[PDB]
Amino acid sequence: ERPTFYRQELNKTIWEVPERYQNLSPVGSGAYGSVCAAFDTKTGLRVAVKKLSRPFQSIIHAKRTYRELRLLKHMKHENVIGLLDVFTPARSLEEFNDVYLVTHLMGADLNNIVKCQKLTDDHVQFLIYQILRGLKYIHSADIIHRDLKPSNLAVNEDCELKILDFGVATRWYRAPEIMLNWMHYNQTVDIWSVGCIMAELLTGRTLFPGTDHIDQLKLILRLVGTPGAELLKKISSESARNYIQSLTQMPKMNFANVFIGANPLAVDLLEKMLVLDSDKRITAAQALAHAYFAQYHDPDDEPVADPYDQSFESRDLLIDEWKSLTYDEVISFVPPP
Ligand SMILES: C=CC(=O)Nc1ccc2c(Nc3cc[nH]n3)nc(-c3ccccc3)nc2c1
Ligand SMILES: CCCCCCCCO[C@@H]1O[C@H](CO)[C@@H](O)[C@H](O)[C@H]1O
């Protein structure tokens, strides 16, 4: 019943993988671990195989390993990275030391598809629609991505897009409240990021290319105005209020005069995404119903996720406990259809 494994030296460690995975070729390495491209002879798919580095070295490593495996096992959606396989050469918990994760091999990310050129409006609709479709799903599991950017968006040769948890400055796509360490984030932090991405795809230019942390905020407030009276009512920070109070007011710009020549429906959606007040930003579900996506929207096929039990985040367990829980998750894995 156990697959036959083989051993091969790869990124200067011995990999031990099921024989179904052929022709491993290193493609990436870092603190996280190392990744090889491979061909899965069982499915006929090109896949990425990641060997976790030091997955049980410490309590923190072990809880991170568990977290990553739980998250990948949960995500089952066309526009979100999912798990094709997870395996260990270990024949028991006693010998369990290594964790390998398998997903679709992804060629390129959103940066590659755009490469500083305007996309057509039809192409923007399709790409943003997919991102929002995956976000509706992620957000329905009560998960916030928090670091949505082009490098975290994989796109194949059929223009099919998947949201990733890994890969320019990251800061360019971050919501202002995250830049200010606000610490009670709305899921619409991700909608901010989507707005930044959409604007760049339409114009071929980064919307808010800040040079440093404060510059990023400066460029943001120039577009969306300084905080209104309704927003200021909601700021508990004495230091923030007093600073904002001191600021010479700027109105919000008219996006129609900013995104010259764009589809007016695109402009309208951007206005709804890039609102300073996070409580007033459009949600992923609401955005999917916006007229901009008329050619793609289908309420019958914009699914939500099963509830995701994140109670483990609150727990302080020992290495061997996190390891045992991770082993349970490896053993219980059922590959997708
Ligand atoms: C700060 C942490 C960090 O950057 N972590 C990374 C980085 C790259 C990952 C990766 N890269 C690639 C390359 C081609 N496909 N996947 N692939 C994978 C991956 C590979 C197989 C299954 C699940 C994830 N994970 C990566 C995790
Ligand atoms: C001068 C810089 C002003 C930045 C203002 C960003 C306001 C973001 O919006 C705020 O997000 C918080 C969640 O993080 C919510 O609790 C608040 O209700 C909401 O108004």
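In the deposited numbering, the protein residues as written are 4 to 170, 183 to 352.
From the three backbone atoms N, C-alpha and C, an ideal C-beta is built for every residue, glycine too.
Could you check whether the Cβ of residue i sits closer than 8 Å to any heavy atom belonging to ligand 1?
| i | result |
| --- | --- |
| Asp-168 | yes |
| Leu-108 | yes |
| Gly-33 | yes |
| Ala-51 | yes |
| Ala-40 | yes |
| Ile-141 | no |
| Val-102 | no |
| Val-183 | no |
Residues in the same chain with beta-carbon distance under 6 Å from residue i, minus the five sequence neighbours each way, listed in chain order, please.
| i | result |
| --- | --- |
| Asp-292 | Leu-246 |
| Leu-284 | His-305, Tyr-307 |
| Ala-157 | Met-109, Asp-112, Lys-165, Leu-167 |
Can we count residue i as close to ligand 3, meaning its CB is less than 8 Å from some heavy atom?
| i | result |
| --- | --- |
| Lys-249 | Looking for ligand 3 in the displayed structure turns up nothing; the ligands present are ligand 1 and ligand 2. |
Could you check if residue i is buried or exposed, using at least 16 other CB atoms within 10 Å of its CB as the buried criterion?
| i | result |
| --- | --- |
| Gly-110 | exposed |
| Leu-217 | buried |
| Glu-160 | exposed |
| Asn-272 | exposed |
| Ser-208 | buried |
| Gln-202 | buried |
| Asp-88 | buried |
| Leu-333 | exposed |
| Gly-210 | buried |
| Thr-91 | buried |
| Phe-99 | buried |
| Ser-143 | buried |
| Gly-137 | buried |
| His-77 | buried |
| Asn-82 | buried |
| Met-265 | exposed |
| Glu-215 | buried |
| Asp-101 | buried |
| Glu-317 | buried |
| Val-319 | exposed |
| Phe-327 | exposed |
Return the CA-CA distance between residue i and residue j, expressed in angstroms with no decimal places.
| i | j | result |
| --- | --- | --- |
| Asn-115 | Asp-313 | 28 Å |
| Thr-241 | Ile-259 | 8 Å |
| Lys-338 | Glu-71 | 13 Å |
| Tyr-307 | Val-127 | 10 Å |
| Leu-75 | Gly-243 | 40 Å |
| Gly-33 | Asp-124 | 37 Å |
| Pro-350 | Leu-135 | 26 Å |
| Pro-21 | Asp-331 | 34 Å |
| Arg-57 | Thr-221 | 37 Å |
| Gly-219 | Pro-6 | 48 Å |
| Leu-289 | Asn-26 | 46 Å |
| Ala-300 | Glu-97 | 46 Å |
| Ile-297 | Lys-287 | 6 Å |
| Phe-223 | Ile-346 | 45 Å |
| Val-183 | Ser-95 | 44 Å |
Whose CA, out of the options, lies closest to the CA of residue i?
| i | options | result |
| --- | --- | --- |
| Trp-187 | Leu-232, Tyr-200, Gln-202 | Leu-232 |
| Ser-154 | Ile-141, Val-127, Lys-118, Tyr-140 | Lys-118 |
| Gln-11 | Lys-54, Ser-252, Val-50, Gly-31 | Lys-54 |
| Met-198 | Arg-149, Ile-166, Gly-210 | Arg-149 |
| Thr-16 | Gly-36, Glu-4, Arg-5 | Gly-36 |
| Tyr-200 | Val-239, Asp-145, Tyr-140 | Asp-145 |
| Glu-336 | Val-52, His-64, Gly-47 | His-64 |
| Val-105 | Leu-86, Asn-196, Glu-97 | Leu-86 |
| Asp-112 | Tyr-103, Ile-84, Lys-139 | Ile-84 |
| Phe-270 | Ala-281, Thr-263, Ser-261 | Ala-281 |
| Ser-252 | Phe-274, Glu-19, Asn-196, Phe-129 | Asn-196 |
| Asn-14 | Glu-4, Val-38, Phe-8 | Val-38 |
| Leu-340 | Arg-256, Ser-261, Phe-59 | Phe-59 |
| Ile-193 | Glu-4, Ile-141, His-228 | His-228 |
Taking 8 Å as the cut-off, is the CB of residue i close to at least one heavy atom of ligand 2?
| i | result |
| --- | --- |
| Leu-55 | no |
| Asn-201 | yes |
| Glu-192 | yes |
| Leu-13 | no |
| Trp-337 | no |
Once you ignore the five residues that flank residue i on each side, which residues in its own chain have a CB closer than 7 Å to its CB?
| i | result |
| --- | --- |
| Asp-43 | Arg-23, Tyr-24, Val-50 |
| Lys-152 | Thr-185, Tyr-188, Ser-208 |
| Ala-40 | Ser-28, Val-30, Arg-49, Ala-51, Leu-108 |
| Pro-191 | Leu-232, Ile-235, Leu-291 |
| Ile-147 | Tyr-200, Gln-202, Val-204, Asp-205 |
With a threshold of 8 Å on Cβ separation, who are the neighbours of residue i within its own chain once the five nearest residues in sequence on each side are excluded?
| i | result |
| --- | --- |
| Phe-169 | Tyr-35, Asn-155 |
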